[PDB]
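Asks: Just one file: work14.csv, with CSV, C-alpha atoms.
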```
chain,number,residue,atom,x,y,z
Q,582,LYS,CA,187.6,16.6,162.1
Q,583,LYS,CA,188.7,17.3,158.5
Q,584,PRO,CA,192.1,16.1,157.3
Q,585,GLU,CA,195.1,16.7,159.6
Q,586,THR,CA,198.0,15.3,157.6
Q,587,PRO,CA,201.4,14.6,159.0
Q,588,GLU,CA,202.0,13.4,155.5
Q,589,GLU,CA,199.2,10.9,155.4
Q,590,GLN,CA,196.4,10.7,152.9
Q,591,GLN,CA,196.6,7.1,151.9
Q,592,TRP,CA,193.8,6.1,154.3
Q,593,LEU,CA,192.5,9.4,155.7
Q,594,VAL,CA,191.6,11.3,152.5
Q,595,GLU,CA,191.0,8.3,150.3
Q,596,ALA,CA,188.4,6.6,152.4
Q,597,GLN,CA,186.8,9.9,153.3
Q,598,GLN,CA,185.2,10.1,149.9
Q,599,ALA,CA,184.3,6.3,150.1
Q,600,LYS,CA,182.5,6.8,153.4
Q,601,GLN,CA,180.7,9.9,151.9
Q,602,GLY,CA,179.4,7.8,149.1
Q,603,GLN,CA,178.3,5.0,151.5
Q,604,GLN,CA,176.4,7.4,153.7
Q,605,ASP,CA,174.2,9.3,151.1
Q,606,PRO,CA,172.2,6.3,149.6
Q,607,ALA,CA,171.8,4.8,153.1
Q,608,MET,CA,169.9,8.0,154.1
Q,609,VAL,CA,167.5,7.5,151.2
Q,610,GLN,CA,167.2,3.8,152.2
Q,611,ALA,CA,166.3,4.7,155.8
Q,612,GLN,CA,163.8,7.4,154.7
Q,613,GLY,CA,162.3,5.0,152.2
Q,614,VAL,CA,159.9,3.6,154.8
Q,615,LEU,CA,158.4,7.1,155.2
Q,616,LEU,CA,158.5,7.4,151.3
Q,617,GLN,CA,155.9,4.5,151.1
Q,618,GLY,CA,153.0,7.0,151.3
Q,619,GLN,CA,154.0,9.0,148.2
Q,620,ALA,CA,154.5,5.8,146.2
Q,621,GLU,CA,150.9,4.7,147.1
Q,622,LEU,CA,149.5,7.9,145.6
Q,623,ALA,CA,151.8,7.5,142.5
Q,624,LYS,CA,150.6,4.0,141.6
Q,625,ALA,CA,147.0,5.1,142.2
Q,626,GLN,CA,147.1,7.9,139.7
Q,627,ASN,CA,148.7,5.7,137.1
Q,628,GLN,CA,146.1,2.9,137.7
Q,629,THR,CA,143.3,5.5,137.2
U,438,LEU,CA,211.2,19.6,189.0
U,439,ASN,CA,214.6,18.2,190.0
U,440,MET,CA,213.6,14.8,188.5
U,441,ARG,CA,212.6,16.5,185.3
U,442,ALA,CA,216.1,18.0,185.2
U,443,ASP,CA,217.7,14.5,185.5
U,444,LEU,CA,215.3,13.6,182.7
U,445,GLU,CA,216.8,16.3,180.4
U,446,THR,CA,220.0,14.3,180.1
U,447,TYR,CA,218.3,10.9,179.8
U,448,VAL,CA,218.6,10.3,176.0
U,449,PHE,CA,222.1,11.8,175.9
U,450,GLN,CA,223.3,9.3,178.5
U,451,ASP,CA,221.2,6.4,177.2
U,452,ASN,CA,222.4,6.7,173.6
U,453,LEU,CA,226.1,6.0,174.2
U,454,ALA,CA,225.9,3.8,177.4
U,455,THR,CA,222.7,1.8,176.7
U,456,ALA,CA,223.5,2.0,173.0
U,457,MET,CA,221.1,2.4,170.0
U,458,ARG,CA,218.2,5.0,169.8
U,459,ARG,CA,217.7,7.5,167.0
U,460,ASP,CA,215.1,10.2,166.3
U,461,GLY,CA,215.0,10.9,162.6
U,462,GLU,CA,212.7,12.8,160.2
U,463,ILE,CA,209.0,12.2,159.8
U,464,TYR,CA,209.4,12.0,156.1
U,465,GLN,CA,211.0,8.8,154.9
U,466,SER,CA,213.5,7.7,152.3
U,467,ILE,CA,211.3,6.1,149.6
U,468,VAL,CA,210.0,8.6,147.0
U,469,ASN,CA,207.8,6.8,144.8
U,470,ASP,CA,205.4,9.6,143.7
U,471,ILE,CA,203.8,12.4,145.7
U,472,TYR,CA,200.0,12.1,145.9
U,473,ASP,CA,197.4,14.7,144.9
U,474,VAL,CA,196.3,17.9,146.6
U,475,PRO,CA,194.0,20.6,145.3
U,476,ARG,CA,196.3,23.0,143.5
U,477,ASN,CA,199.6,23.3,145.3
U,478,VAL,CA,199.9,25.2,148.6
U,479,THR,CA,196.7,24.9,150.6
U,480,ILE,CA,195.8,24.2,154.2
U,481,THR,CA,192.9,21.8,153.2
U,482,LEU,CA,195.1,18.8,152.6
U,483,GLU,CA,198.6,19.9,153.7
U,484,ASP,CA,199.5,22.3,156.5
U,485,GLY,CA,200.1,25.1,154.1
U,486,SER,CA,203.2,25.5,152.0
U,487,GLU,CA,204.5,23.7,155.0
U,488,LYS,CA,205.2,20.0,154.5
U,489,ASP,CA,204.0,17.7,151.7
U,490,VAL,CA,201.8,14.6,151.5
U,491,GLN,CA,203.1,11.2,150.4
U,492,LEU,CA,202.2,7.7,151.6
U,493,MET,CA,201.3,6.7,155.2
U,494,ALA,CA,203.8,7.4,157.9
U,495,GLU,CA,204.1,9.4,161.1
U,496,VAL,CA,207.1,7.6,162.7
U,497,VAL,CA,210.1,9.7,163.8
U,498,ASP,CA,211.4,7.5,166.6
U,499,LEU,CA,213.0,4.5,164.9
U,500,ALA,CA,216.6,3.3,164.7
U,501,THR,CA,218.8,2.8,161.6
U,502,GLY,CA,221.1,-0.2,161.1
U,503,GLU,CA,223.2,1.3,158.2
U,504,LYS,CA,226.3,-0.8,157.5
U,505,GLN,CA,227.1,-0.7,161.2
U,506,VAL,CA,224.8,-0.2,164.1
U,507,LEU,CA,224.7,2.7,166.7
U,508,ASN,CA,223.8,6.0,165.1
U,509,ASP,CA,222.4,8.8,167.2
U,510,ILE,CA,221.0,12.3,166.6
U,511,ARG,CA,222.8,15.0,168.6
U,512,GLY,CA,219.6,16.7,169.7
U,513,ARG,CA,216.1,15.6,170.3
U,514,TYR,CA,212.8,17.4,170.6
U,515,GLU,CA,209.8,15.0,170.6
U,516,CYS,CA,208.6,14.6,174.2
U,517,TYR,CA,209.1,17.2,177.0
U,518,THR,CA,210.2,16.5,180.5
U,519,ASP,CA,207.2,15.5,182.7
U,520,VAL,CA,206.6,12.9,185.4
U,521,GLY,CA,203.6,10.7,186.2
U,522,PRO,CA,202.5,7.3,187.4
U,523,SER,CA,205.3,4.7,188.2
U,524,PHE,CA,206.0,2.2,185.4
U,525,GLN,CA,209.3,0.4,185.2
U,526,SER,CA,208.3,-1.8,182.3
U,527,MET,CA,206.1,-1.3,179.2
U,528,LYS,CA,203.7,-4.2,180.0
U,529,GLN,CA,202.9,-2.6,183.4
U,530,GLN,CA,201.8,0.5,181.5
U,531,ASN,CA,199.9,-1.5,178.9
U,532,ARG,CA,197.5,-2.9,181.5
U,533,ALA,CA,197.1,0.5,183.3
H,486,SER,CA,195.0,42.6,155.6
H,487,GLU,CA,191.9,40.6,156.1
H,488,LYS,CA,188.8,40.5,154.0
H,489,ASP,CA,189.9,37.5,152.0
H,490,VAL,CA,190.5,33.8,152.9
H,491,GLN,CA,191.3,31.0,150.4
H,492,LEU,CA,191.9,31.4,146.7
H,493,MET,CA,194.0,28.2,146.5
H,494,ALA,CA,197.5,29.4,147.4
H,495,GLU,CA,196.6,29.5,151.1
H,496,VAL,CA,199.3,30.0,153.7
H,497,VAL,CA,197.9,31.2,157.0
H,498,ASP,CA,201.2,31.8,158.7
H,499,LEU,CA,204.8,30.8,158.0
H,500,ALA,CA,208.0,32.3,159.3
H,501,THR,CA,209.9,35.0,157.4
H,502,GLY,CA,213.6,33.8,157.0
H,503,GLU,CA,214.3,35.7,153.8
H,504,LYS,CA,217.7,35.3,152.0
H,505,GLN,CA,219.5,35.6,155.3
H,506,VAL,CA,218.1,35.1,158.8
H,507,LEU,CA,218.1,37.6,161.7
H,508,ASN,CA,215.0,39.4,160.5
H,509,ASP,CA,211.4,39.5,161.7
H,510,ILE,CA,208.0,41.0,161.3
H,511,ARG,CA,207.7,44.5,162.8
H,512,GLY,CA,204.0,44.0,163.4
H,513,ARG,CA,204.7,41.6,166.2
H,514,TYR,CA,201.2,41.9,167.4
H,515,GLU,CA,198.0,40.1,166.2
H,516,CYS,CA,197.4,38.6,169.6
H,517,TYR,CA,196.5,39.5,173.2
H,518,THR,CA,198.0,37.9,176.3
H,519,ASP,CA,196.1,35.7,178.6
H,520,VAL,CA,196.7,33.5,181.6
H,521,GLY,CA,195.4,29.9,182.0
H,522,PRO,CA,196.3,26.5,183.4
H,523,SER,CA,199.8,24.9,182.9
H,524,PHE,CA,200.3,23.7,179.3
H,525,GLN,CA,203.8,22.7,178.2
H,526,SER,CA,202.7,21.4,174.9
H,527,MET,CA,199.9,21.8,172.3
H,528,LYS,CA,198.8,18.3,173.3
H,529,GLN,CA,198.5,19.2,177.0
H,530,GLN,CA,196.1,22.1,176.0
H,531,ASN,CA,194.2,19.8,173.7
H,532,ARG,CA,193.6,17.3,176.5
H,533,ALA,CA,192.2,19.9,178.9
```
Translate this file's structure into structure tokens.
Replies:
Amino acid sequence: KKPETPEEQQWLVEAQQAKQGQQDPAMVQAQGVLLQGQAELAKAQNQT
Amino acid sequence: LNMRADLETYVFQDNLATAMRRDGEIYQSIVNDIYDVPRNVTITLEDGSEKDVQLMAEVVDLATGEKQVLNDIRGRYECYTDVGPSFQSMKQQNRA
Amino acid sequence: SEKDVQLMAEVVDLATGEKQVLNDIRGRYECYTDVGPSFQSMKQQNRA
């Protein structure tokens, strides 16, 4: 929606940055199951 | 249409003879400290040069007590004259 | 007139009242007329 402020920013704007910082590591966490293939090659090359 | 006309006078008649009721200003008395915007005058976090941003409020319809009760604004623009479903109590509308 | 938007002093539109009122813009046109359903508020149009 983006901020529509009657005068408010105490909750709206404040928690907008907090939610943005919650979302971004959670995407990496969810994509981490597909990332298991690249980690398998990474440990193999180091083990060699 | 005729009912909407009788509903133009409703607040004016209600405020003396039912007493109370006031419509004020959206901005409120306490002034604390204004909170940040990206450098002043923008539409990204204000409405423009229009308004200002402080605290959390939106309320305009609320009634003062002052040192003596009954204080009423002489003109009101908040809600426009319209009709709809029949409710003669708030709790009847709360269910519906 | 328009080739620029946003440089952090943004006002899209605000009324000209000057020193004393009873003045207006002489370019009273940036808009074309149109006919649609009954709207007696911004809110009514936002619902439909």
Asks: What are the closest atom pairs, with distances in Å to one decimal, for all residues of chain U lying within 7 Å of chain Q? Consider only C-alpha atoms, order rows by chain and residue number, and present the result as CSV.
Replies:
```
residue,atom,partner,partner_atom,distance
U:482,CA,Q:584,CA,6.2
U:483,CA,Q:586,CA,6.1
U:489,CA,Q:588,CA,6.1
U:490,CA,Q:588,CA,4.2
U:491,CA,Q:588,CA,5.7
U:492,CA,Q:591,CA,5.6
U:493,CA,Q:589,CA,4.7
U:494,CA,Q:589,CA,6.3
U:495,CA,Q:587,CA,6.2
```
Asks: Which residues are close to range 515-532 of chain H, i.e. within 10 Å by only C-alpha atoms, leaving aside same-chain residues fewer than 5 positions away? Reply as a PyMOL selection string.
Replies: chain U and resi 516-519
Asks: Please identify all residues of chain U having at least one atom at most 10 Å from any atom of chain H, considering only C-alpha atoms, and return them as a compact mmCIF listing (two decimals) with C-alpha atoms, in the coordinates of the input.
Replies:
```txt
# COMPACT_ATOMS: atom_id res chain seq x y z
CA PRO U 475 194.00 20.60 145.30
CA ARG U 476 196.30 23.00 143.50
CA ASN U 477 199.60 23.30 145.30
CA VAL U 478 199.90 25.20 148.60
CA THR U 479 196.70 24.90 150.60
CA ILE U 480 195.80 24.20 154.20
CA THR U 481 192.90 21.80 153.20
CA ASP U 484 199.50 22.30 156.50
CA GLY U 485 200.10 25.10 154.10
CA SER U 486 203.20 25.50 152.00
CA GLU U 487 204.50 23.70 155.00
CA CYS U 516 208.60 14.60 174.20
CA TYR U 517 209.10 17.20 177.00
CA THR U 518 210.20 16.50 180.50
CA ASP U 519 207.20 15.50 182.70
```
Asks: Quick one: distance from CA of residue 499 in chain U to CA of residue 474 in chain U in Å, one decimal?
Replies: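 Those two atoms sit 28.2 Å apart.
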Asks: Provide the CA of residue 440 in chain U to CA of residue 511 in chain U distance in Å, to one decimal place.
Replies: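 It comes out at 21.9 Å.
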Asks: For the atom pair CA of residue 500 in chain U and CA of residue 524 in chain U, what is the interatomic distance in Å to one decimal place?
Replies: 23.3 Å
Asks: Residues within 10 Å of residue 449 in chain U, please, as a PDB file with C-alpha atoms, in the frame of the given file. Count all atoms listed in the file; anything in the same chain fewer than 4 positions from it doesn't count.
Replies:
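Listing of out.pdb after writing:
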```
ATOM      1  CA  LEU U 444     215.300  13.600 182.700  1.00  0.00           C
ATOM      2  CA  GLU U 445     216.800  16.300 180.400  1.00  0.00           C
ATOM      3  CA  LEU U 453     226.100   6.000 174.200  1.00  0.00           C
ATOM      4  CA  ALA U 454     225.900   3.800 177.400  1.00  0.00           C
ATOM      5  CA  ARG U 458     218.200   5.000 169.800  1.00  0.00           C
ATOM      6  CA  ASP U 509     222.400   8.800 167.200  1.00  0.00           C
ATOM      7  CA  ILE U 510     221.000  12.300 166.600  1.00  0.00           C
ATOM      8  CA  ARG U 511     222.800  15.000 168.600  1.00  0.00           C
ATOM      9  CA  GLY U 512     219.600  16.700 169.700  1.00  0.00           C
ATOM     10  CA  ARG U 513     216.100  15.600 170.300  1.00  0.00           C
TER      11      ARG U 513
END
```
Asks: Just checking: using only C-alpha atoms, which residue out of U:452, U:466, U:439, U:446 ends up closest to residue 506 in chain U?
Replies: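 Distance minimum relative to residue 506 in chain U lands on U:452.
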